[PDB]
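Working through the structure, step by step
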Amino acid sequence: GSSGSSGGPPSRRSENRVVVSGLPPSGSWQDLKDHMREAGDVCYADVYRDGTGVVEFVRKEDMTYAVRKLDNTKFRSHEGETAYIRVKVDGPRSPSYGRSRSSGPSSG
């Protein structure tokens, strides 16, 4: 247990939700989801008016794959506008660790 904080978003008990960034001002969920399909099948789609979005792949397989192949690619909206978007597995970013006290024994 590397500590944790809750009390806001419902995100819990899940494990197939990725975050989308770099979305165009005309890009809509309806379209965004059409781009995540490449991975497999979409279960949930939603975009915000901040160039960001979120997709939930019914099969974790499609998720891990999307973040590999469908990550940092040029996404095109139904309007014909293109824009590079980034995809990643929702959750804690960057690895965690610590010690508090310097560790340096004699022998190895």
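Method of structure determination, per the deposited record: solution NMR was used for this entry.

1. A word on the nonpolar core
Membership of the largest hydrophobic core comes to 16 residues, with the highest contact counts inside it found for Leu32, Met36, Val55 and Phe57. Setting aside chain neighbours within four positions, we find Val55 in contact with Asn16, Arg17, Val18, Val20, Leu32, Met36, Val42 and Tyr44.

2. With respect to the pairing of strand 1 (residues 17-21)
Direction of pairing for strand 1 relative to strand 3 (residues 52-57): antiparallel, over a ladder of five bridges. Across the sheet, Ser21 pairs through a bridge with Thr52, a residue of strand 3. Bridge analysis of strand 1 against strand 5 (residues 82-89) gives four bridges, and the strand direction is antiparallel. What sits directly across from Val18, in strand 5, is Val89.

3. Re the sheet that holds strand 4 (residues 73-76)
With antiparallel pairing, the five strands of this open sheet are ordered in space as 2-3-1-5-4. The sheet is open, and its two edges are formed by strand 2 (42-48) and strand 4, each paired on a single side. Here the average twist between neighbouring strands, direction ignored, is 30 degrees. In the packing of helix 1 (residues 29-36) onto the sheet, contacts are made with strand 1, strand 2, strand 3, strand 4 and strand 5, and the angle to strand 2 comes to roughly 135 degrees.

Conventions used here
Residues numbered from 1 in each chain as written, not as in the entry; some residues may be left out. Heavy atoms only, no water. Core = buried A, V, L, I, M, F, W, Y, C linked by side-chain atoms within 4.5 Å. Buried < 20%, exposed > 50% of the residue type's maximum accessible area, 1.4 Å probe, protein only. Contact = heavy atoms within 4.5 Å. Pairing = 2+ DSSP bridges. Helix = DSSP H or I, 4+ residues; strand = E, 2+ residues; numbered from the N terminus. Axes fitted to C-alpha atoms, helices over the stretch in contact; angles between N-to-C directions.

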